[PDB]
Novice: 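Would you mind keeping the following structure in view while I ask a few things?
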Amino acid sequence: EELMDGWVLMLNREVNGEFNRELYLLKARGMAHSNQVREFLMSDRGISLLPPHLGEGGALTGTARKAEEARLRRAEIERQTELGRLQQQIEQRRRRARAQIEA
Amino acid sequence: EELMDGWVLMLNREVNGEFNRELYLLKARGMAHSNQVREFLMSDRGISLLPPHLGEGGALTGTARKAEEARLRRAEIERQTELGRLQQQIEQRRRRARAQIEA
Amino acid sequence: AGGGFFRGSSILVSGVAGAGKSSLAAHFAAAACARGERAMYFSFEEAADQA
Amino acid sequence: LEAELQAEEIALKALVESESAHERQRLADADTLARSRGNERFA
Ligand SMILES: Nc1ncnc2c1ncn2[C@@H]1O[C@H](COP(=O)(O)OP(=O)(O)OP(=O)(O)O)[C@@H](O)[C@H]1O
Ligand SMILES: [Mg+2]
């Protein structure tokens, strides 16, 4: 490796009871390059890199990424439910207020 | 290394599914020097060290630093919301008090 | 402190492949040259043009 | 009772403003992370 101009490392790691593929450029002389461990998935169309991981805890890969996405969706949905319930509460208070005014 | 007067160690670590660069002076004879693992980022302008990490959990680097900053912003904002809601509550109590006095 | 390492000292730059040891050495050499001083860069890994 | 109604209106508008601000901040943070891990830095 002492001479190589470019270095590409391909990893096949076992995590979460399943194997995931990744690759990254350990070094690329005379140019700037991405420093992300881009997970890829080989298929009939060839070697294809998955879209970059976005969000905290980017180390997640494979099934863990889908699980994290689902958890985020659930939590943000329930936050929306929180805000909606508060709005409905203020709804109720205003209704009593102006009905009382009518009386 | 047994003879070297100054030692500079450059690290390219893989953490959080991505590679981050850092450097630190392992030893500098006959002078006082910073003891911080200063993360840097090489670009066209040259080698440039990022501003020192401030706040607890300084080990965070790369995307994790931005994530921590965002989390801190969110939490402190919601604390501000807490205090504002309490102030509005006392607002309401005082309004009833002096309206009752008026009656 | 002092603005830099003491002159005439031995400086080691350690790191894994791709860390930037050659970049730091080139920075040192270019900074020395910019001040009107002479500099030599013995390279056992790359050609002059590639570097 | 009308004083109560006005207070409730202020509360609703505070709810809308702060919620929209949270939307904006979330979008900004997502964009920041998108750059931090994006390849658009080169093309
Ligand atoms: N314009 C650039 N922007 C960002 N990074 C760059 C740029 N040009 C080069 N690099 C980085 O510089 C790295 C090479 O640095 P350098 O040659 O100083 O390392 P080194 O430790 O001497 O390497 P080696 O073990 O191969 O001798 C490249 O892998 C790339 O990551
Ligand atoms: Mg080199």
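Remember, it's 1-based here, ligands and their atoms both numbered in the order they're listed. Only this structure's heavy atoms are used, side chains among them; waters, hydrogens and symmetry mates stay out. Proteins come first, then strands; the chains are lettered A, B, ... in the order of their sequence lines, and each starts at number 1.
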Novice: Quick test: of every protein heavy atom, which one is nearest to atom 12 (O) of ligand 1, and how far off is it to 0.1 Å?
Specialist: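 Ranking protein heavy atoms by distance from atom 12 (O) of ligand 1, first comes B/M42 SD, 3.5 Å.
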Novice: From atom 8 (N) of ligand 1, work out which of A/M31, B/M10, C/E46 has a heavy atom at the shortest distance.
Specialist: A/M31
Novice: Got a salt bridge between A/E39 and A/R65, using NZ or NE/NH1/NH2 to carboxylate O under 4.0 Å?
Specialist: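 Judged by the 4.0 Å cut-off on N to carboxylate O distance, A/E39 and A/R65 do not form a salt bridge.
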Novice: Give the numbers and elements of all ligand 1 atoms closer than 4.0 Å to a heavy atom of A/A32.
Specialist: 1 (N), 2 (C), 3 (N), 4 (C), 5 (N), 6 (C), 7 (C)
Novice: Any N/O of D/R41 closer than 3.5 Å to an N/O of ligand 1?
Specialist: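 There is no such contact.
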Novice: What atoms in ligand 1 come closer than 4.0 Å to a heavy atom of B/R21?
Specialist: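 Matching atoms, with element in brackets: 30 (C), 31 (O).
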Novice: For B/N16 versus A/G58, what's the shortest heavy-atom pair and its separation?
Specialist: OD1-N, 3.5 Å
Novice: So, D/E9 and A/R94, do they make that salt bridge, N to O below 4.0 Å?
Specialist: yes
Novice: Mark whether atom 4 (C) of ligand 1 lies under 4.0 angstrom from at least one protein heavy atom.
Specialist: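 Within 4.0 Å: yes, protein heavy atom nearby.
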Novice: Any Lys/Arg nitrogen of B/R98 or B/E102 sitting under 4.0 Å from an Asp/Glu carboxylate oxygen of the other?
Specialist: no
Novice: Counting only heavy atoms from other residues, nucleotides and ligands, does the tally under 6.0 Å from CD of D/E23 exceed 12?
Specialist: yes
Novice: State the atoms of ligand 1, each with its element, that fall below the 4.0 Å cut-off from a heavy-atom position in A/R29.
Specialist: 26 (O)
Novice: Considering non-hydrogen atoms of the protein only, which is the closest contact for atom 27 (O) of ligand 1, and what is the distance?
Specialist: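 Its nearest protein heavy-atom neighbour is C/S22 OG, 3.7 Å.
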Novice: Would you say ligand 1 has an N or O under 3.5 Å from any N or O of A/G30?
Specialist: no
Novice: Listing by chain and number, which protein N, O or S atoms are under 2.8 Å from the Mg ion (ligand 2)?
Specialist: C/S22 OG
Novice: Looking at A/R79 and A/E82, is there a salt bridge between them, counting it only when a charged N and a carboxylate O are closer than 4.0 Å?
Specialist: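 No, this pair does not count.
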Novice: I'd like to know whether ligand 1 has C/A19 as a neighbour, heavy-atom separation below 4.0 Å.
Specialist: yes
Novice: Should the pair D/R26-D/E19 be classified as a salt bridge under the 4.0 Å nitrogen-to-oxygen rule?
Specialist: no
Novice: Linking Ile, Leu, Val, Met, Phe, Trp and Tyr through side-chain heavy atoms less than 4.5 Å apart, which residues share a cluster with B/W7?
Specialist: B/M4, B/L9, B/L11, B/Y24, B/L26, B/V37, C/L12
Novice: Quick one: which ligand 1 atoms are inside 4.0 Å of a heavy atom on C/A17?
Specialist: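 So the atoms of ligand 1 that pass are 25 (O).
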Novice: Could you go through B/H53 and B/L60, starting from their C-alpha distance and side-chain angles, then the distance that decides it, and tell me whether this counts as side-chain contact (heavy atoms from CB on, under 4.5 Å)?
Specialist: CA-CA 8 Å; B/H53 194 278; B/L60 301 176; 4.1 Å; yes
Novice: Does the distance from a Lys or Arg side-chain N to an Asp or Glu carboxylate O, for B/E18 and D/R37, drop under 4.0 Å?
Specialist: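 Yes, this pair counts.
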Novice: Give the atoms of ligand 1, by number and element, whose distance to some non-hydrogen atom of A/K27 is under 4.0 Å.
Specialist: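 Within the 4.0 Å cut-off of A/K27, ligand 1 contributes 24 (P), 26 (O), 29 (O).
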Novice: For atom 28 (C) of ligand 1, what is the nearest protein heavy atom, given as residue, atom name and distance?
Specialist: A/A28 O, 3.2 Å
Novice: Of the protein's non-hydrogen atoms, which lies at the shortest distance from atom 23 (O) of ligand 1, and what is that distance?
Specialist: C/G18 N, 3.5 Å
Novice: Quick one: do B/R74 and B/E78 make a salt bridge, cutoff under 4.0 Å?
Specialist: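 A salt bridge is absent here (no side-chain N lies under 4.0 Å from a carboxylate O).
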Novice: For atom 21 (O) of ligand 1, what is the closest protein heavy atom, and at what distance to 0.1 Å?
Specialist: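 So the nearest neighbour among protein heavy atoms is C/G20 N, 2.9 Å.
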Novice: Any carboxylate oxygen within less than 4.0 angstrom of a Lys/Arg side-chain nitrogen, looking at B/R71 and B/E68?
Specialist: yes
Novice: Looking at ligand 1, does any of its N/O atoms fall within less than 3.5 Å of an N/O of A/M4?
Specialist: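 N/O-N/O distance under 3.5 Å: no.
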Novice: Short list, please: which atoms of ligand 1 are under 4.0 Å from a heavy atom of C/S23?
Specialist: 15 (O), 16 (P), 18 (O)
Novice: Of all the heavy atoms in A/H33, does at least one lie under 4.0 Å from an atom in ligand 1?
Specialist: yes
Novice: Between the side chains of A/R38 and A/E22, is the shortest nitrogen-to-carboxylate-oxygen separation below 4.0 Å, so that they form an ion pair?
Specialist: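 A salt bridge is absent here (no side-chain N lies under 4.0 Å from a carboxylate O).
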Novice: Would you say that more than 12 heavy atoms from the other residues, nucleotides or ligands in this model lie under 6.0 Å from the CD of D/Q6, or not?
Specialist: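 Open: at most 12 neighbouring heavy atoms sit under 6.0 Å from CD of D/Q6.
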Novice: In terms of side-chain geometry, is the basic nitrogen of B/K27 or B/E2 positioned less than 4.0 Å from the acidic oxygen of its partner?
Specialist: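 No, no charged N to carboxylate O under 4.0 Å.
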